[PDB]
Structures are given as structure tokens and as C-alpha cells.
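Under the deposited numbering, the letters of the first sequence match residues 114 to 169, in that order. Using N, Cα and C, we set each Cβ at its ideal position, and we do this for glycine too.
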Amino acid sequence: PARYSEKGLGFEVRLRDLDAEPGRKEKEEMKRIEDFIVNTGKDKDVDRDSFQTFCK
DNA sequence: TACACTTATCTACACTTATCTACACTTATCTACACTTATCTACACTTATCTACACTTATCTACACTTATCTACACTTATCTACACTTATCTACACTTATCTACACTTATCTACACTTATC
């Protein structure tokens with residue numbers, strides 16, 4: 114995720130419209146979806162592929 | 001420069017104060033858990049936006065009449081050439097003043113020599 118990467122390089126989950134401002138729950142849902150992608154799943158599990166392994 | 005006396009700088013040594021480590025108690029920070037409010041989705045009603053259709057006004061074309069623009073023609077005035085007379089410009093010639101060279105006298109500049117003061 115770019116969110117945690119100070120150089121901004123990575124991926125992000127975003128609202129579609131550039132003009133919208135995200136609601137209080139939407140900002141958290143977007144962070145959850147990012148985390149889900151990183152973990153490739155709901156829970157953390159070292160036995161599962163990371164997103165890096167998936168992409169490779 | 002050379003020489004002597006005393007003061008300032010530097011080293012060595014002992015005592016107490018400041019800095020640092022180790023140990024115990026309570027407060028601040030963090031996690032876990034339950035309740036209620038704010039955010040979001042789904043659904044129904046009326047208002048605003050958009051399309052289609054008819055009527056009259058503004059825009060555009062076509063046509064005739066007179067005014068302004070343009071050409072052609074004649075008369076006098078301004079511009080240009082040619083010609084004669086006197087004034088300004090230029091050359092040639094003589095006289096005196098300013099510039100330049102040569103010559104003598106005294107003053108300023110430079111060298112040499114002795115005594116004391118500053119520097120060492």
C-alpha cells in the first residue's frame with residue numbers, strides 16, 4: 114500500500130469519483146479493503162500467499 | 001647584545017562535592033468489553049428538466065432612384081533654365097614681432113668627513 118509507504122509508491126483503494134469526500138465509515142472500509150488485499154484474505158495467515166506472491 | 005633577580009606559569013598531591021548507578025512505589029498509558037448514536041441503504045411522491053409542436057418577428061434577397069466618385073478638358077500660376085553684375089574668396093608680396101639658439105654667473109644638489117644618540 115501507498116498509504117503506509119512514505120514515497121507514495123504502491124497501490125491504494127479509493128473512491129471512484131475524484132470529487133467525492135469519503136465518509137467516516139467509507140475511509141475505514143477502504144482501509145479494510147487495502148488490508149484484505151495485502152493479506153489476500155480476511156485474517157492474517159503466514160501460510161497464505163501475500164499479494165506480492167500472488168502477483169508474481 | 002649580554003648578564004642577574006624576582007615573579008608568573010606549570011606540575012604534583014589531598015578533600016569534599018557533584019555525577020552516575022541501583023533499587024522500590026505509584027501514576028500514566030494501553031488493551032479489552034458493552035451501549036447508543038451517527039452513517040448508509042432502500043423505497044415512494046412531487047418538482048424540475050427536456051422534447052415536441054404552432055405563430056409571429058427578425059433576417060435576408062431582389063429591385064429601382066439619386067448621390068458621390070471618377071475621367072476628360074481648358075487657363076493661369078509656380079517651377080526651372082539661361083544670362084549679366086558685383087561681392088566674397090583666394091593668391092601673392094613686404095615688415096615687424098615672436099620663437100629659438102648660444103653664451104656667462106650664481107644657486108641648488110650631491111659627495112665626503114667627524115660626534116653623539118639610538119639600537120642592540
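- Out of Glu134, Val126, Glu119, the CA that lies nearest to the CA of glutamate 147 is found in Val126.
- Fewer than three beta-carbon pairs drawn from the stretch 125-141 and the stretch 157-166 are found closer than 8 Å, and the two stretches are therefore not classed as touching.
- Between the alpha carbons of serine 163 and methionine 143 lies a gap of roughly 19 Å.
- In the three-state scheme derived from DSSP, where H, G and I count as helix and E and B as strand, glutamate 141 is classed as helix.
- Selection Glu119, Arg116, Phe124 evaluated against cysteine 168 yields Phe124 as nearest (Cα-Cα).
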